[PDB]
Amino acid sequence: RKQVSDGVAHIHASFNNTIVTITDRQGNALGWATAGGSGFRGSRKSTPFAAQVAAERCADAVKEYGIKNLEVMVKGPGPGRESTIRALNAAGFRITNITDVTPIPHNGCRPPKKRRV
Amino acid sequence: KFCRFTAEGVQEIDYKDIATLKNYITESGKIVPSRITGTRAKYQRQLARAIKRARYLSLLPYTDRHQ
Amino acid sequence: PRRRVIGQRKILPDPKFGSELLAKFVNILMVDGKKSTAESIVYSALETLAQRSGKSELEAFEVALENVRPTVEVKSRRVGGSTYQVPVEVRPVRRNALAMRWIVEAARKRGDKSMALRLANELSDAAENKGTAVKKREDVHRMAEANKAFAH
Amino acid sequence: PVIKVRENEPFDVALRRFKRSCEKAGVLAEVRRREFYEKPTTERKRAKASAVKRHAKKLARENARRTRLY
RNA sequence: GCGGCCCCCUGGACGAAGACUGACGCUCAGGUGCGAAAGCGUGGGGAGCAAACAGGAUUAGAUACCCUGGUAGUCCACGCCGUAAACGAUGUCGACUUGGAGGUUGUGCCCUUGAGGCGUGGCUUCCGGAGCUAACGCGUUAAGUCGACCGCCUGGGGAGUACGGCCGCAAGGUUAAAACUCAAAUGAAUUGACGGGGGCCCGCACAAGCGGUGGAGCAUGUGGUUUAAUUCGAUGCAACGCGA
RNA sequence: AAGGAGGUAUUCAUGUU
Ligand SMILES: [Mg+2]
Ligand SMILES: [Mg+2]
Ligand SMILES: [Mg+2]
Ligand SMILES: [Mg+2]
Ligand SMILES: [Mg+2]
Ligand SMILES: [Mg+2]
Ligand SMILES: [Mg+2]
Ligand SMILES: [Mg+2]
Ligand SMILES: [Mg+2]
Ligand SMILES: [Mg+2]
Ligand SMILES: [Mg+2]
Ligand SMILES: [Mg+2]
Ligand SMILES: [Mg+2]
Ligand SMILES: [Mg+2]
Ligand SMILES: [Mg+2]
Ligand SMILES: [Mg+2]
Ligand SMILES: [Mg+2]
Ligand SMILES: [Mg+2]
Ligand SMILES: [Mg+2]
């Protein structure tokens, strides 16, 4: 409906899943897509190919805002983190900024205990 | 590598000199290791103190992303 | 093999047409060392196929091979978790071998009376993308695409 | 690692710069280290072991130049 | 044991040159104090994490490992507790005895010619010589060579347990046996064989193919059952169309 | 993830970037 032409794409790339959300410059979400919601479960949900498909579906979903210039904020140690960026560039957006926004504590809260597997 | 404080006779590094300190932080804003820069250990400690004092007074950023 | 270094056996071309592909096709179709029986089947099947299509025997045969040749298959990988189907591109030599094998298998599991007639009908179905041979080509392709996530 | 797209720079070239910038800031190594808590004793043990083996390999190498293998 | 930055109060160590006291020293049972974490008492505070616990899976079972939660606890103040693989598994003090490469912190000199050169102190890591070490090792920071003083050891199990005393709110701590039982327990190193340790390599071992076996009928061997007898042997691979 | 090269690794004007 409304026209923006400059958005921000946030890539939340976890070890298990990848969520791509395209927002306006002010933080208002226009649309979103997830690897786990694009038809992938478990061992396929945590793959770089699934992240590429999620970005494709989100771009197709945000089509009615006439976005032309996308900034990219990547967060997390995901198996994606790039497939998403290459797929946005392929889909047709003009990538103007690529920043990593991974939260690093300055020795804050204690992390969970190590898994004994 | 050669320390640039021993060769200049510098006694205290000083946190108010935001030209030398900018050479000794990275782009993200963290302090560069002495193993990379070739600074001596005595001046490394002084330099780390000066960078932390400058951060408190917001002469240097703590990180690249809070701004 | 392990100390690999195995070398390729050269195969003579067929007498009637001088094509290594046709010679290998006769070999794949041959059973129990009865090459004369197999050679008669291939020549009869090619003759009737060329009467139908109306092109050169070798050409019409090549136009069936083109529609059966696979472009990607799936091997299996025991490294990651031993459950991995990795799509891999097939080299051209193996493409011809797989196309011929599928054509012969489809022609055998048919309903016509004579093997020559079964083979001709399979080659026609391959040349118009409608037979069980071209069906297996498509089936392998879709399996590889479903495992494309594991291509890496 | 905040990479700005430069003029005429294709996407592959910019993406290589961004990937190297992150690998230079060591983000992924930091995250992997903070996934789970490790006791201070475990941390000290691991640090000391790496130093011992690193020193031993340097000394082993610096003596390997002494002799000929054939 | 101590890790952001700043301030306030405060302890020790080291170096330079000089002055001063004039053996004022070392060790130390008893005693006194400090002493991780868990725990205890009283009151706070509680984001994260997390015994117990609850649920979900895994499994023959799973009171576990894995997952989702989650209380005491972890934090503070004031008291207990007094213990750890509290380890360098190495008591403190002093003297003497070949070397090398470093780290860290002072200081002296020479041309600082420009991060240089040359010395002399403290602490510290790694190699190592003689000698010591059952051996591993150790080596001027000894586990060489000596001296002072204190702590401990006397086969393994029973047992750091019982009883008694002392200490503690408790948990317990500390001091500490015997009967009985065994002929060994043990430390280091050697040769193997192992490892759900590591590397390198090979074989129709796998993979790539072709044809089978397992289904049917029959031939044949074995097991079992049956019989008066169904003669005897081979019976994991490496017995079973085997002696035959 | 796989391979190659250099080292125990940098001095390598700044600037530009
Ligand atoms: Mg977890
Ligand atoms: Mg005493
Ligand atoms: Mg406590
Ligand atoms: Mg309490
Ligand atoms: Mg309370
Ligand atoms: Mg849990
Ligand atoms: Mg004790
Ligand atoms: Mg300790
Ligand atoms: Mg220790
Ligand atoms: Mg002891
Ligand atoms: Mg030694
Ligand atoms: Mg007791
Ligand atoms: Mg008692
Ligand atoms: Mg096989
Ligand atoms: Mg049978
Ligand atoms: Mg018998
Ligand atoms: Mg027998
Ligand atoms: Mg006998
Ligand atoms: Mg016998």
# chains A, B, ... in the order shown; residues from 1 in each chain; ligands from 1

$ residues_near_ligand --ligand "ligand 2" --cutoff "10 Å" --atoms "only C-alpha atoms (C1' of nucleotides) and all ligand atoms" --output "MDAnalysis selection string"
chainID E and resid 28:32 150:151

$ interface_residues --of "chain D" --to "chain E" --cutoff "10 Å" --atoms "only C-alpha atoms (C1' of nucleotides)" --output "short mmCIF file (atom, residue, chain, number, x, y, z; two decimals) with C-alpha atoms, in the first residue's frame"
data_model
loop_
_atom_site.label_atom_id
_atom_site.label_comp_id
_atom_site.auth_asym_id
_atom_site.auth_seq_id
_atom_site.Cartn_x
_atom_site.Cartn_y
_atom_site.Cartn_z
CA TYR D 37 29.63 -21.48 31.02
CA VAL D 52 52.81 -25.66 26.71
CA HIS D 55 56.07 -23.69 23.07
CA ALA D 56 56.99 -27.35 22.59
CA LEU D 59 61.14 -25.63 20.09
#

$ interface_residues --of "chain D" --to "chain F" --cutoff "12 Å" --atoms "only C-alpha atoms (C1' of nucleotides)" --output "NGL selection string"
:D and (6 or 54-55 or 57-59 or 61-62)

$ write_last_selection --atoms "N, CA, C and O atoms" --output "short mmCIF file (atom, residue, chain, number, x, y, z; two decimals), in the first residue's frame"
data_model
loop_
_atom_site.label_atom_id
_atom_site.label_comp_id
_atom_site.auth_asym_id
_atom_site.auth_seq_id
_atom_site.Cartn_x
_atom_site.Cartn_y
_atom_site.Cartn_z
N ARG D 6 30.64 0.61 -1.29
CA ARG D 6 31.40 1.59 -2.05
C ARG D 6 30.88 1.67 -3.48
O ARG D 6 30.20 0.77 -3.98
N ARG D 54 52.21 -25.15 22.34
CA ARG D 54 52.71 -24.18 21.38
C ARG D 54 54.21 -23.97 21.55
O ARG D 54 54.96 -23.90 20.58
N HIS D 55 54.65 -23.84 22.80
CA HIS D 55 56.07 -23.69 23.07
C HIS D 55 56.85 -24.93 22.65
O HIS D 55 57.93 -24.83 22.06
N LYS D 57 56.08 -27.11 20.33
CA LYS D 57 56.15 -27.23 18.88
C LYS D 57 57.12 -26.23 18.28
O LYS D 57 57.84 -26.54 17.32
N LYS D 58 57.16 -25.01 18.82
CA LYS D 58 58.16 -24.05 18.36
C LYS D 58 59.57 -24.56 18.61
O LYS D 58 60.44 -24.45 17.74
N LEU D 59 59.82 -25.11 19.79
CA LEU D 59 61.14 -25.63 20.09
C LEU D 59 61.47 -26.84 19.22
O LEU D 59 62.60 -26.99 18.75
N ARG D 61 60.30 -27.47 16.19
CA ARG D 61 60.59 -26.95 14.85
C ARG D 61 61.97 -26.33 14.78
O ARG D 61 62.74 -26.61 13.85
N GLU D 62 62.31 -25.48 15.74
CA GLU D 62 63.59 -24.80 15.75
C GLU D 62 64.77 -25.76 15.91
O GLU D 62 65.90 -25.39 15.60
#

$ closest_atom_pairs --of "chain E" --to "ligand 9" --cutoff "10 Å" --atoms "only C-alpha atoms (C1' of nucleotides) and all ligand atoms" --output "JSON lines"
{"residue": "E:85", "atom": "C1'", "partner": "ligand 9", "partner_atom_place_in_ligand_line": "1 (Mg)", "distance": 9.1}
{"residue": "E:87", "atom": "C1'", "partner": "ligand 9", "partner_atom_place_in_ligand_line": "1 (Mg)", "distance": 5.7}
{"residue": "E:88", "atom": "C1'", "partner": "ligand 9", "partner_atom_place_in_ligand_line": "1 (Mg)", "distance": 7.8}

$ closest_residue --among "B:37, B:67, B:44, B:28" --to "chain D" --atoms "only C-alpha atoms"
B:28

$ interface_residues --of "chain E" --to "chain B" --cutoff "9 Å" --atoms "only C-alpha atoms (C1' of nucleotides)" --output "list in words"
residues 4, 5, 104 and 115 of chain E

$ write_last_selection --atoms "N, CA, C and O atoms (P, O5', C5', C4', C3', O3' and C1' of nucleotides)" --output "PDB file, in the first residue's frame"
ATOM      1  P     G E   4      37.599  -5.071  37.763  1.00  0.00           P
ATOM      2  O5'   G E   4      37.957  -3.853  36.812  1.00  0.00           O
ATOM      3  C5'   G E   4      38.517  -4.077  35.531  1.00  0.00           C
ATOM      4  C4'   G E   4      37.904  -3.174  34.497  1.00  0.00           C
ATOM      5  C3'   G E   4      38.078  -1.686  34.742  1.00  0.00           C
ATOM      6  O3'   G E   4      39.330  -1.204  34.288  1.00  0.00           O
ATOM      7  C1'   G E   4      35.821  -2.141  34.206  1.00  0.00           C
ATOM      8  P     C E   5      40.410  -0.620  35.319  1.00  0.00           P
ATOM      9  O5'   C E   5      40.038   0.919  35.428  1.00  0.00           O
ATOM     10  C5'   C E   5      39.964   1.730  34.269  1.00  0.00           C
ATOM     11  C4'   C E   5      39.083   2.930  34.492  1.00  0.00           C
ATOM     12  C3'   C E   5      39.329   3.698  35.773  1.00  0.00           C
ATOM     13  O3'   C E   5      40.436   4.573  35.688  1.00  0.00           O
ATOM     14  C1'   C E   5      37.025   3.317  35.538  1.00  0.00           C
ATOM     15  P     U E 104      58.107  -8.402  28.567  1.00  0.00           P
ATOM     16  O5'   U E 104      58.088  -8.173  30.140  1.00  0.00           O
ATOM     17  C5'   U E 104      56.934  -8.488  30.903  1.00  0.00           C
ATOM     18  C4'   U E 104      57.176  -8.303  32.376  1.00  0.00           C
ATOM     19  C3'   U E 104      57.788  -6.979  32.787  1.00  0.00           C
ATOM     20  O3'   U E 104      56.847  -5.923  32.825  1.00  0.00           O
ATOM     21  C1'   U E 104      58.901  -8.731  33.890  1.00  0.00           C
ATOM     22  P     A E 115      67.563   5.720  19.495  1.00  0.00           P
ATOM     23  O5'   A E 115      66.683   4.445  19.126  1.00  0.00           O
ATOM     24  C5'   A E 115      66.989   3.161  19.651  1.00  0.00           C
ATOM     25  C4'   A E 115      65.745   2.390  20.012  1.00  0.00           C
ATOM     26  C3'   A E 115      65.943   0.898  20.237  1.00  0.00           C
ATOM     27  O3'   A E 115      66.504   0.554  21.490  1.00  0.00           O
ATOM     28  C1'   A E 115      64.060   1.239  18.866  1.00  0.00           C
TER      29        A E 115
END

$ residues_around --residues "residue C:104" --least-positions-apart "4" --cutoff "7 Å" --atoms "only C-alpha atoms (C1' of nucleotides)" --output "PDB file with N, CA and C atoms, in the first residue's frame"
ATOM      1  N   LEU C  29      22.576 -54.169 -23.727  1.00  0.00           N
ATOM      2  CA  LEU C  29      21.400 -54.982 -23.999  1.00  0.00           C
ATOM      3  C   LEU C  29      21.725 -56.471 -24.016  1.00  0.00           C
ATOM      4  N   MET C 100      21.549 -45.198 -21.437  1.00  0.00           N
ATOM      5  CA  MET C 100      21.400 -46.485 -22.105  1.00  0.00           C
ATOM      6  C   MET C 100      20.844 -47.534 -21.157  1.00  0.00           C
ATOM      7  N   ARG C 108      12.726 -53.569 -21.365  1.00  0.00           N
ATOM      8  CA  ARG C 108      12.510 -54.923 -20.869  1.00  0.00           C
ATOM      9  C   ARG C 108      11.197 -55.041 -20.106  1.00  0.00           C
TER      10      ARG C 108
END

$ closest_residue --among "D:16, D:25, D:9, D:36" --to "chain A" --atoms "only C-alpha atoms"
D:36

$ decode --residues "stretch 22-54 of chain B" --atoms "N, CA, C and O atoms" --output "mmCIF file, in the first residue's frame"
data_model
loop_
_atom_site.group_PDB
_atom_site.id
_atom_site.type_symbol
_atom_site.label_atom_id
_atom_site.label_comp_id
_atom_site.auth_asym_id
_atom_site.auth_seq_id
_atom_site.Cartn_x
_atom_site.Cartn_y
_atom_site.Cartn_z
ATOM 1 N N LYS B 22 43.506 6.832 19.051
ATOM 2 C CA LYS B 22 42.765 6.338 17.897
ATOM 3 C C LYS B 22 43.591 5.364 17.067
ATOM 4 O O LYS B 22 43.036 4.434 16.474
ATOM 5 N N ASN B 23 44.902 5.558 17.007
ATOM 6 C CA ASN B 23 45.771 4.580 16.362
ATOM 7 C C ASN B 23 45.799 3.248 17.102
ATOM 8 O O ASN B 23 46.127 2.221 16.500
ATOM 9 N N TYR B 24 45.508 3.238 18.398
ATOM 10 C CA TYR B 24 45.619 2.026 19.195
ATOM 11 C C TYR B 24 44.277 1.375 19.503
ATOM 12 O O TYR B 24 44.224 0.469 20.334
ATOM 13 N N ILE B 25 43.191 1.830 18.891
ATOM 14 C CA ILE B 25 41.937 1.094 18.908
ATOM 15 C C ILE B 25 41.615 0.652 17.490
ATOM 16 O O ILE B 25 42.082 1.233 16.507
ATOM 17 N N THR B 26 40.806 -0.395 17.383
ATOM 18 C CA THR B 26 40.411 -0.910 16.083
ATOM 19 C C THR B 26 39.172 -0.170 15.590
ATOM 20 O O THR B 26 38.722 0.809 16.188
ATOM 21 N N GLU B 27 38.604 -0.640 14.480
ATOM 22 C CA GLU B 27 37.399 -0.020 13.946
ATOM 23 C C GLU B 27 36.205 -0.286 14.846
ATOM 24 O O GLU B 27 35.406 0.618 15.109
ATOM 25 N N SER B 28 36.058 -1.526 15.309
ATOM 26 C CA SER B 28 34.990 -1.853 16.240
ATOM 27 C C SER B 28 35.101 -1.064 17.534
ATOM 28 O O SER B 28 34.092 -0.872 18.219
ATOM 29 N N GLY B 29 36.299 -0.601 17.880
ATOM 30 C CA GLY B 29 36.523 0.188 19.073
ATOM 31 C C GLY B 29 37.263 -0.516 20.184
ATOM 32 O O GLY B 29 37.482 0.095 21.233
ATOM 33 N N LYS B 30 37.654 -1.772 19.999
ATOM 34 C CA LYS B 30 38.393 -2.494 21.020
ATOM 35 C C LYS B 30 39.883 -2.185 20.950
ATOM 36 O O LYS B 30 40.412 -1.758 19.923
ATOM 37 N N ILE B 31 40.560 -2.411 22.074
ATOM 38 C CA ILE B 31 41.994 -2.173 22.165
ATOM 39 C C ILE B 31 42.745 -3.257 21.407
ATOM 40 O O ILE B 31 42.473 -4.452 21.568
ATOM 41 N N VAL B 32 43.690 -2.844 20.572
ATOM 42 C CA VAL B 32 44.489 -3.761 19.764
ATOM 43 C C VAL B 32 45.535 -4.436 20.643
ATOM 44 O O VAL B 32 46.101 -3.789 21.535
ATOM 45 N N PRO B 33 45.809 -5.726 20.449
ATOM 46 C CA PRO B 33 46.797 -6.407 21.290
ATOM 47 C C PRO B 33 48.185 -5.811 21.125
ATOM 48 O O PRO B 33 48.560 -5.333 20.054
ATOM 49 N N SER B 34 48.951 -5.852 22.214
ATOM 50 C CA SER B 34 50.352 -5.453 22.171
ATOM 51 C C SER B 34 51.182 -6.366 21.285
ATOM 52 O O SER B 34 52.218 -5.947 20.761
ATOM 53 N N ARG B 35 50.752 -7.612 21.112
ATOM 54 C CA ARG B 35 51.435 -8.522 20.205
ATOM 55 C C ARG B 35 51.379 -8.035 18.766
ATOM 56 O O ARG B 35 52.304 -8.288 17.988
ATOM 57 N N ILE B 36 50.325 -7.313 18.400
ATOM 58 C CA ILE B 36 50.217 -6.768 17.054
ATOM 59 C C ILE B 36 51.001 -5.471 16.924
ATOM 60 O O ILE B 36 51.802 -5.301 16.001
ATOM 61 N N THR B 37 50.794 -4.544 17.852
ATOM 62 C CA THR B 37 51.333 -3.200 17.724
ATOM 63 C C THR B 37 52.792 -3.094 18.131
ATOM 64 O O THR B 37 53.425 -2.081 17.823
ATOM 65 N N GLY B 38 53.342 -4.102 18.798
ATOM 66 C CA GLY B 38 54.709 -4.004 19.262
ATOM 67 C C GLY B 38 54.944 -3.044 20.398
ATOM 68 O O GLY B 38 56.089 -2.667 20.645
ATOM 69 N N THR B 39 53.899 -2.644 21.111
ATOM 70 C CA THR B 39 54.091 -1.809 22.282
ATOM 71 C C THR B 39 54.659 -2.639 23.421
ATOM 72 O O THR B 39 54.409 -3.840 23.529
ATOM 73 N N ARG B 40 55.428 -1.985 24.282
ATOM 74 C CA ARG B 40 55.949 -2.666 25.450
ATOM 75 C C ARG B 40 54.858 -2.855 26.492
ATOM 76 O O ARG B 40 53.808 -2.212 26.459
ATOM 77 N N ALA B 41 55.127 -3.750 27.437
ATOM 78 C CA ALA B 41 54.100 -4.149 28.389
ATOM 79 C C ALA B 41 53.773 -3.016 29.347
ATOM 80 O O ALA B 41 52.610 -2.826 29.715
ATOM 81 N N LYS B 42 54.786 -2.267 29.777
ATOM 82 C CA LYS B 42 54.555 -1.141 30.670
ATOM 83 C C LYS B 42 53.675 -0.084 30.019
ATOM 84 O O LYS B 42 52.739 0.427 30.640
ATOM 85 N N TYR B 43 53.977 0.278 28.772
ATOM 86 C CA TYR B 43 53.165 1.259 28.060
ATOM 87 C C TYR B 43 51.820 0.699 27.626
ATOM 88 O O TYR B 43 50.859 1.456 27.481
ATOM 89 N N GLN B 44 51.729 -0.610 27.417
ATOM 90 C CA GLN B 44 50.442 -1.227 27.123
ATOM 91 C C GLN B 44 49.464 -1.030 28.269
ATOM 92 O O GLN B 44 48.289 -0.723 28.048
ATOM 93 N N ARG B 45 49.921 -1.225 29.503
ATOM 94 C CA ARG B 45 49.035 -1.043 30.645
ATOM 95 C C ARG B 45 48.589 0.408 30.752
ATOM 96 O O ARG B 45 47.407 0.687 30.972
ATOM 97 N N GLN B 46 49.530 1.345 30.632
ATOM 98 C CA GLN B 46 49.182 2.762 30.630
ATOM 99 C C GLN B 46 48.195 3.083 29.520
ATOM 100 O O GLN B 46 47.241 3.839 29.722
ATOM 101 N N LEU B 47 48.431 2.531 28.332
ATOM 102 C CA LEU B 47 47.580 2.795 27.179
ATOM 103 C C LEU B 47 46.169 2.266 27.383
ATOM 104 O O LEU B 47 45.197 2.918 26.996
ATOM 105 N N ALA B 48 46.036 1.078 27.964
ATOM 106 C CA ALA B 48 44.708 0.536 28.221
ATOM 107 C C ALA B 48 43.952 1.389 29.229
ATOM 108 O O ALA B 48 42.747 1.607 29.082
ATOM 109 N N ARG B 49 44.638 1.863 30.269
ATOM 110 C CA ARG B 49 44.003 2.761 31.228
ATOM 111 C C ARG B 49 43.526 4.041 30.563
ATOM 112 O O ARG B 49 42.416 4.510 30.829
ATOM 113 N N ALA B 50 44.356 4.626 29.705
ATOM 114 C CA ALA B 50 43.990 5.873 29.048
ATOM 115 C C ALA B 50 42.780 5.694 28.147
ATOM 116 O O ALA B 50 41.915 6.571 28.077
ATOM 117 N N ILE B 51 42.709 4.570 27.438
ATOM 118 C CA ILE B 51 41.571 4.306 26.569
ATOM 119 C C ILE B 51 40.293 4.147 27.382
ATOM 120 O O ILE B 51 39.232 4.643 26.994
ATOM 121 N N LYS B 52 40.370 3.469 28.522
ATOM 122 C CA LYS B 52 39.182 3.293 29.349
ATOM 123 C C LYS B 52 38.709 4.609 29.952
ATOM 124 O O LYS B 52 37.503 4.845 30.060
ATOM 125 N N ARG B 53 39.634 5.458 30.391
ATOM 126 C CA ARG B 53 39.246 6.773 30.890
ATOM 127 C C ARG B 53 38.606 7.621 29.797
ATOM 128 O O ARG B 53 37.615 8.315 30.041
ATOM 129 N N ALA B 54 39.165 7.585 28.587
ATOM 130 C CA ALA B 54 38.585 8.317 27.465
ATOM 131 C C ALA B 54 37.180 7.833 27.132
ATOM 132 O O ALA B 54 36.306 8.635 26.793
#
